[PDB]
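Colleague: Sequence below, structure please.
(8 chains)
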Amino acid sequence: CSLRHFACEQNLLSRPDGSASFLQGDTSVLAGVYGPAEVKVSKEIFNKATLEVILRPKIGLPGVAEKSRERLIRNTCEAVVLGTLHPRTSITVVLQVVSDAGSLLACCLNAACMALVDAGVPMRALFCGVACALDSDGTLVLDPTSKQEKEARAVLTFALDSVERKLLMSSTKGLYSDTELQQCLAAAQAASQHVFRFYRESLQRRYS
Amino acid sequence: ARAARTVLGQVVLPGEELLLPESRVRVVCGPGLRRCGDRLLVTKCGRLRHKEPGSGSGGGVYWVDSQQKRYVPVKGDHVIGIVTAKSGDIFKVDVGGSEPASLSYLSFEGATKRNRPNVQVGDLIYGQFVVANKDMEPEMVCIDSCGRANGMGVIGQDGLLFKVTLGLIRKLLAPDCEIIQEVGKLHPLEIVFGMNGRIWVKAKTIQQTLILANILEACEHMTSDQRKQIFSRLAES
Amino acid sequence: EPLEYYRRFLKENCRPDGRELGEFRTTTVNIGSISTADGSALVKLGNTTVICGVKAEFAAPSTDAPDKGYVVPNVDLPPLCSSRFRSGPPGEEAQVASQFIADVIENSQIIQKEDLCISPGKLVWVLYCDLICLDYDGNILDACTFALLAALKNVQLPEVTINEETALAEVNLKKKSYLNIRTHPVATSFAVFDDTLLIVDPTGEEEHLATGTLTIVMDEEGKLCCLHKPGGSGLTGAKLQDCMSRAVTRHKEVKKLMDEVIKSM
Amino acid sequence: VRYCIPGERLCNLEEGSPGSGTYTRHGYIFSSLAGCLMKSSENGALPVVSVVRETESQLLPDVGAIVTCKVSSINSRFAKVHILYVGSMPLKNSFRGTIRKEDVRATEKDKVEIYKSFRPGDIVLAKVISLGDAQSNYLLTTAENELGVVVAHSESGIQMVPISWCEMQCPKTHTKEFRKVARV
Amino acid sequence: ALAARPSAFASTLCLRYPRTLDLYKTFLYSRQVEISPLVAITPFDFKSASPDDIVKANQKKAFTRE
Amino acid sequence: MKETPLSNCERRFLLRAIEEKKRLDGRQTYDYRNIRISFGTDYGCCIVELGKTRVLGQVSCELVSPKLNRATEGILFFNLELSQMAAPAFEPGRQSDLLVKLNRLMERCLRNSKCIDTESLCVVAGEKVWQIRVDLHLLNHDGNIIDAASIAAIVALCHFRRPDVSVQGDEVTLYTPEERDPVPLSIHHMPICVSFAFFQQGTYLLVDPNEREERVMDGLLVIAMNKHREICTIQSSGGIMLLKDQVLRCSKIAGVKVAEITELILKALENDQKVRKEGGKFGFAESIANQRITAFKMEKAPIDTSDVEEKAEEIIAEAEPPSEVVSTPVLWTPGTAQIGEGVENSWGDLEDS
Amino acid sequence: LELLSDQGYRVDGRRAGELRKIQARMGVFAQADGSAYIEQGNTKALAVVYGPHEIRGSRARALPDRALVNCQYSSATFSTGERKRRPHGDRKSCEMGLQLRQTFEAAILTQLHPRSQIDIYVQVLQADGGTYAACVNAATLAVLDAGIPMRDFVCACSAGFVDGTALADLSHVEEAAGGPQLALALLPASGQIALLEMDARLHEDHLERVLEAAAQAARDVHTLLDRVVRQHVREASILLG
Amino acid sequence: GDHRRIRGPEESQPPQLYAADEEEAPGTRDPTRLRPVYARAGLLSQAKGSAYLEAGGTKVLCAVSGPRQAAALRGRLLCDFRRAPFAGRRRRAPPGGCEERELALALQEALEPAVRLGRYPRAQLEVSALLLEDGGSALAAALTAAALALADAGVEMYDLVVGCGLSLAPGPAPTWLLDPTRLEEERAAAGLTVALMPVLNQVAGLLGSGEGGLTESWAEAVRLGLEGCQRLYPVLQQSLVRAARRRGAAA
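Modeller: Numbering: from 1, shown residues only, chains lettered A, B, ... in the order given. Here you go, the structure:
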């Protein structure tokens, strides 16, 4: 088990408030965030903000699947954004898929976290994305590739907090038993400790 | 869980916690900090800074300082805004926040029901706030506390208004900042800063106004000494 | 007022429904009432009524693998079941309630598309299962799944024989066969309160005040198909292991239900 | 006792008079609801026959009615609200409202700053005066001693208590704020 | 005009869903989990001035305008 | 939400400049903002940056049956789209009068010029033929969306490489990059758009204007003209009223500029092919500037996958087993059964009668 | 197929620089505030306009400096050989009506009707040849019928290029042949161009000659429509008195 | 195709068009009989007013939502008709259909002559009806049920609406039939549906088209439709009585 090549770039676009491109190996995702701004009166809520998430694919037009994977990202950002500090406003997170090579949802969650941090939004704790894909026998592989993903009988993806490493998001593909669900959860908890080190090292270097 | 007064000038991350000195104290947490129990929580990235003037009293506020573009109104800030409408007997002005502000026809110097001031749509105004809580649209008056407009009102006739990040504004508005003196050594200038991320400049020649506009946005970076003199010499031309 | 009132029953350990915080509502079903459909079943869960219907048609097999017959699920939430749904194109809740069922149908491998072909590469059966909710009280993804599984155990197809010189299809409407079903995926939903409280079989008001939701579906051999957690407070391995212990009993209950209703014919 | 359907012969115009939720035609009294038959004899004979369900799921507001509301947002010159209770009974849905800067006090006076009168999140008692325009639909009023904010809420989530006619104080932190206190 | 008797689908669609010891053990609530107020006067009984009433009765009685 | 309004000081400032023939960012009248191309890893994918605008182009092909009539060619979809992140204003269904003119500009240029050879994209006739489908996205709006979109589409189409097939007798077969090498396409010419803006009633013009210069302008003139000396489209629009010498001057300008742009594009594609053939490393990853603060590199890492067995084992072992109250099903009449607290009577009957 | 014989005659019998026959009419409808009807050659158009009125919807979509021109386009389902019915969502109608809105936001002297809308409707009953110029001329006539002031009399015509010569007022047979078509919208007094279009390839040396031939054919349309307007105004002046 | 649904096969021909069993023979009956009808009110719990109507092979469910925000001085009456895809010989497209809109309008022009909208200024009512199964006269069920729902939801109306249906035999001596079924409706030449107010004695809605061209048959079709609407009334009379007895006794 070994996480593959990682890369990230910040402040790409000049128009948004904060931009962040996060590519992990060959797959890549670009994201940008507009800060708290005005919101339509028909959608506004008092004592809280309103989150809007849109994802754009490369081939086709978004359908039921892409909005169903937009709900997970919105309900994940809803648990870490302090909306009570900014009522009667709107905060929107947009994720763009540039290239796909496997484990796209985890790289999208990491892109969203890095775009919100760069954009300067009050946060309670950072979050990460780890995807597991156990093979036809039970050999766990972390951060797999679409080559291994096609033959594998089950792929799981988890989102983990950055304080006590609890579970925030869980999307699973394939059928399995609980024992290897526990062992892939433990593998994800072990894997996030390096991603959080990449967050800390990137932000400590940024303010040098 | 580290302690304060030890991690000053250190980059912190959201979700981290820190221990203020022991005997609970009434020091108010700043923008990027929230007080929970007898501990402080971090909600913004940045660098811890502490300011107590001269004495062993309070004397002290905790606030992290970061780099961002989106502006949130703060009571007592000098903000440049642009008029948008003239509905009723007020002047809606766009400052850059979530909601537009609101002037009044009598807020200007010596303004009454007859000698109203001339304010068009799409003009920039220098003025200060008096209410900026998160319960209403912010409202700004535009002369003074006493009532004598000290350079306030409608400004800008032959200059350029551009936009920079909050970090450069914070850097320039410092008592130990030599940026303006050296930049004005090359090109004489006059500036009116705005805490919403706006700057008004006016050089002599249009070429100099272009150069000052481009070269001021890059002064947040490119640290002085080994770099600044050579950059100044190169741009002398 | 909102939170404290409910927590009065929570500390009392008897929620306003009159339940012990770890029990399900009353469940009843009927099968074989709509006579204009191949198969149908009505599921009642103490409100949260869902009805499903199956229609079989002919279609051309796909260009990649011409040995598969399509199955297409759809879940619709009309503006009459509740009062928050508005007319027009289907909304987010019904679309997610349909993508979830499509994912369950795919991962669970309940049916094999190779059992529906008549002659490879020209024509294959297609099943159109459409779900319409008659009442929205909470736990939608559980009763929709149970309605679908109950319906799929009643659909029966006629024996079709293709000629050689004529090459057309002659349907033998007298001898009608059945469908081959492999597994029986049953779902279970949990609602998590502010940071530690988990309840079973929630309600629309409770989901209105809850801070998260979890859904787990199990096979008949203790295998997990999907782990649907839309998000919220956060859980631990111990809490999931506590949930699956209840889900095992729920699955045994449901599998006994299906094993008993079909024998009664 | 017997119930009703929204049409049947009940009485003549001489043997009683129509009441609430009824109509008459051709000298007969006809039902217009499915409630219960109540005949209020009152005093003076000839009871005013009417039919009332007595289980109001919804009721349309009127020109004059007492309603319990809930503020949604406030502006420097008006304050949009949300009608929540029609007098006593709970309401299944929520309408919209607007409090102009003339209905705060019972004098229709100048000054009367809206900002410190109806802070968002409170629950108020108000009276309608009109059926309104398409911008503001019901035009509620609080120009009375019995109308105004009744149950406020603190800055940090604590049930408040009235302290004066114009001034309010926090019980926990002893903080001073301004409201429009209504008679209990 | 004879009315008829129901059938299965209708009699199941029209269902009304309305301590006895302890079961489902793990899902109880106990197993899964200074304030000196110095309160002011509790209400404010309005016994005092209430300006609107003042100004109204004031002017009506006064009735001088000088 | 909407876009920040335009003051009355910026208009004055741009117009005193333009009268004096000097612009904000230093470039003179007949200049472009320099360009920067970047190639993906799979074919038909590029990132172009004109000044500070970004467009992502990506080509992809697929095999369908060729309608009815035109039995010996292939079809070529296009779909421009404007991403909410390009600028605050762009909104999914509230900018429907720019999308149309943009899709049209793109389609008339690319499909009516006849530079792609859609003749030789057949396998059989009356049967499966390749249907290509170009796709562009706008990422960052800084003015001159169409020049960048056109250069992006050109490069993306001149970098694609199809699959490839064997056809002999009456039998098909489909290969893969390991069974057979992907094949390039055939491109007759390279039609490249140019835009001009007119200022204060045609008295001045400025080449390649950006978004502020776009809000102080009357109307726009676009002139698409492929290599050699052959014009392919023009579309005046906005608020302009034009002369006849000026169209010719513009045509000259577009000729010169397209010459230079084609130089650049050819050089960049050649260098990219040389890199791909030498055997070095390519892709979106090895493009991130390293002399810059916001880039970081980390080789692989086993984290420690030594403990997961033990933790999982103890967790499974340490929790309460399923309980053992089993429920009973009740039978009313074949077809309906109930489980739960149940109902008192067998069934309701004459409840109200 | 021959599109230009050696003698110089086209398919229908006219020379290179020869227009078709136009036959107009003013004042067709009564309920509306203006009307027109033109048949340029074998293409039958129609236009109806509605005068400055209150903005529909009142959704605060006004312009405090000028009026709001709103033009639509539709087409009958029997306008060509095949039925070819289309829904009211096609992008051809929107783009042609957007070029119509562009040219009439420049021809009309609109800074005289603050907070007002101008609704322009065009209906094509039979399309054979240039549809754009027939719609522009029919709506110029309908606007004149409505009394709306304008700077000049805008008129449009097309052209082409086959075998080294420039055509004029191309037809559908000639249009569907892959040639460098081109259209203008001219103001005769100043010679200014309100809109310019072209398609397919053409060398740069013949653009001046195609554009000149198109401008000349538009100036030739100008005189023919001018005599119609003068006869109409003299008709109404005779009627009045 | 559709970007808001699950995409399956592009085309799908149902097996009825390949059904090798030839169309059967309906039979004969007495045209002076009515299918027994059972009516229940107050079915749904989350709806302000609802009713479920079932008679023979017809299954229709109607629910009524209360007044909401937004001829004023009067309130609107929005309507929406939709039938279940699993009804009838073939499947139906979920997006909609011209037949559904025509029947929705034929409902709207029939339930407004009963309620008095001069009591709901600036408000509006929304009515939704669903047909679970089509086994006979349908428009004679979408009228009775949507009127029962209105009566149990406490809105003020002048009277109820009771519907019926008829069809014309295809023989050489055609005769109108009462309460036709699909076996007697797909083999018919014409059909008629009436909407009668039983007490006010006023026809609310009329619809009929077919091959009967003599203006002496339609007089009987209309007046036997009126006899049907006066014979279905007592069951709806006892249904609202039981509904109100139970709702009141539930307090």
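
Colleague: Tell me how far residue B:221 lies from residue B:164.
Modeller: 12 Å (CB to CB, to the nearest Å). Heads up, the C-betas are built off the backbone N, CA and C, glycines and all.

Colleague: who in chain B is up against chain F?
Modeller: B:82, B:84, B:94, B:96, B:120, B:122-124, B:156-161, B:206-207, B:210, B:213-214 (CB under 8 Å from any CB of the partner chain).

Colleague: which ones among these are found in strands?
Modeller: Using DSSP state E, the subset of those located in strands is B:82, B:94, B:124, B:160-161.

Colleague: Quickly check: the longest helix belonging to chain A near chain F or not.
Modeller: When chain A is parsed with DSSP state H, its longest helix is helix A:178-206. Yes - with CB under 8 Å from any CB as the criterion, chain F is reached by helix A:178-206 at A:178-180, A:182-184, A:186-187, A:190-191, A:193-194, A:198, A:201-202, A:205-206.

Colleague: Please list only the buried members of those.
Modeller: Among the residues of helix A:178-206 next to chain F, the ones that count as buried by 16 or more other CB atoms under 10 Å in any protein chain shown are A:178, A:180, A:182-184, A:186-187, A:190-191, A:198, A:202, A:206.

Colleague: tell me which of these is nearest to chain E?
Modeller: residue A:178 (16.6 Å; CB to the nearest CB).

Colleague: Only whichever of the residues of chain B next to chain F are buried, select them in ChimeraX.
Modeller: To isolate in ChimeraX the members of the residues of chain B next to chain F that are buried, counting by 16+ other CB under 10 Å, one can use:
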select /B:82,94,96,123,124,156,159,160,161,206,210,213
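
Colleague: Turn the buried ones among the residues of helix A:178-206 next to chain F into a markdown table, including distance to chain B.
Modeller: As requested, those are exported to a markdown table (distance: CB to the nearest CB, whole Å):
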| residue | distance to chain B |
| --- | --- |
| A:178 | 30 |
| A:180 | 30 |
| A:182 | 25 |
| A:183 | 27 |
| A:184 | 24 |
| A:186 | 22 |
| A:187 | 22 |
| A:190 | 19 |
| A:191 | 18 |
| A:198 | 12 |
| A:202 | 10 |
| A:206 | 8 |
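
Colleague: State the distance from the residue nearest the centre of chain H to residue H:207.
Modeller: Nearest to the mean C-alpha position of chain H, by CA atoms, centre = their mean, lies residue H:142 at 2.0 Å. Going from residue H:142 to residue H:207 by CB to CB gives 12 Å.

Colleague: ok, now residue A:99?
Modeller: Taking CB to CB, one finds residue A:99 at 60 Å from residue H:207.

Colleague: Looking at the two, which has the bigger crowd around it?
Modeller: Just comparing residue A:99 and residue H:207: by other CB atoms under 10 Å in any protein chain shown the higher neighbour count belongs to residue A:99, 23 against 16.

Colleague: wait, that one sits on residue A:25?
Modeller: No - counting by CB atoms under 8 Å, residue A:99 does not reach residue A:25; the two are 9.6 Å apart.

Colleague: just checking, residue A:130 touches residue A:192?
Modeller: Yes - between residue A:130 and residue A:192 a contact is recorded at 6.1 Å, counting by CB under 8 Å.

Colleague: What segments of chain E are helices?
Modeller: Residue ranges of the helices in chain E, as given by DSSP H, are E:8-13, E:51-62.

Colleague: repeat for chain A
Modeller: A:64-77, A:104-119, A:146-151, A:178-206.

Colleague: just these: most buried one?
Modeller: Ranked by mean neighbour count, these are led by helix A:104-119 with a mean of 25 (mean count of other CB atoms under 10 Å in any protein chain shown).

Colleague: Show me what it is packed against.
Modeller: Contacts defined by 3 or more CB pairs under 8 Å, 6 or more residues apart in numbering or on different chains; DSSP states H and E place helix A:104-119 against strand A:7-10, strand A:18-24, strand A:27-37, helix A:64-77, strand A:90-99, strand A:127-134, strand A:154-161, helix A:178-206.

Colleague: Apply 7 Å and report the result again.
Modeller: With contacts taken as 3 or more CB pairs under 7 Å, 6 or more residues apart in numbering or on different chains; DSSP states H and E, helix A:104-119 sits against strand A:18-24, strand A:27-37, helix A:64-77, strand A:90-99, strand A:127-134, strand A:154-161.

Colleague: got the angle between it and strand A:90-99?
Modeller: 130 degrees (axes from the mean of the first three to the mean of the last three CA atoms, to 10 degrees).

Colleague: relative to helix A:178-206, how tilted is helix A:104-119?
Modeller: With the same axes, to 10 degrees applied, the angle from helix A:104-119 to helix A:178-206 works out at 30 degrees.

Colleague: now helix A:104-119: how far from the chain's centre is it?
Modeller: In terms of CA atoms, centre = their mean, to the nearest Å, the centre of helix A:104-119 is found 5 Å from the chain centre.

Colleague: report the angle between the axes of it and strand A:154-161?
Modeller: Using the same axes, to 10 degrees: helix A:104-119 against strand A:154-161 is 20 degrees.

Colleague: which other residues reach helix A:104-119?
Modeller: A:8, A:10, A:17-20, A:22, A:24, A:27, A:29, A:31-33, A:35, A:69, A:73, A:76-77, A:93, A:95, A:97, A:123, A:126-131, A:157, A:159, A:171, B:45 (CB atoms under 7 Å, 6 or more residues apart in numbering or on different chains).

Colleague: For it, C-alpha coordinates in CSV please.
Modeller: Backbone C-alpha positions of helix A:104-119 (Å, rounded to 0.1, in the frame of the first residue of the first chain) are rendered in CSV as follows:
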residue,chain,number,x,y,z
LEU,A,104,-12.0,11.1,-8.3
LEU,A,105,-14.4,11.7,-5.4
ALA,A,106,-11.5,11.8,-2.8
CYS,A,107,-9.6,14.2,-4.9
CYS,A,108,-12.7,16.3,-5.3
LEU,A,109,-13.2,16.5,-1.5
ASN,A,110,-9.5,17.5,-1.1
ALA,A,111,-10.0,20.1,-3.7
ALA,A,112,-13.0,21.5,-2.0
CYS,A,113,-11.2,21.6,1.4
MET,A,114,-8.3,23.4,-0.1
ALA,A,115,-10.5,25.9,-2.0
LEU,A,116,-12.5,26.7,1.1
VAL,A,117,-9.3,27.2,3.2
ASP,A,118,-7.7,29.4,0.5
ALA,A,119,-11.0,31.4,0.2
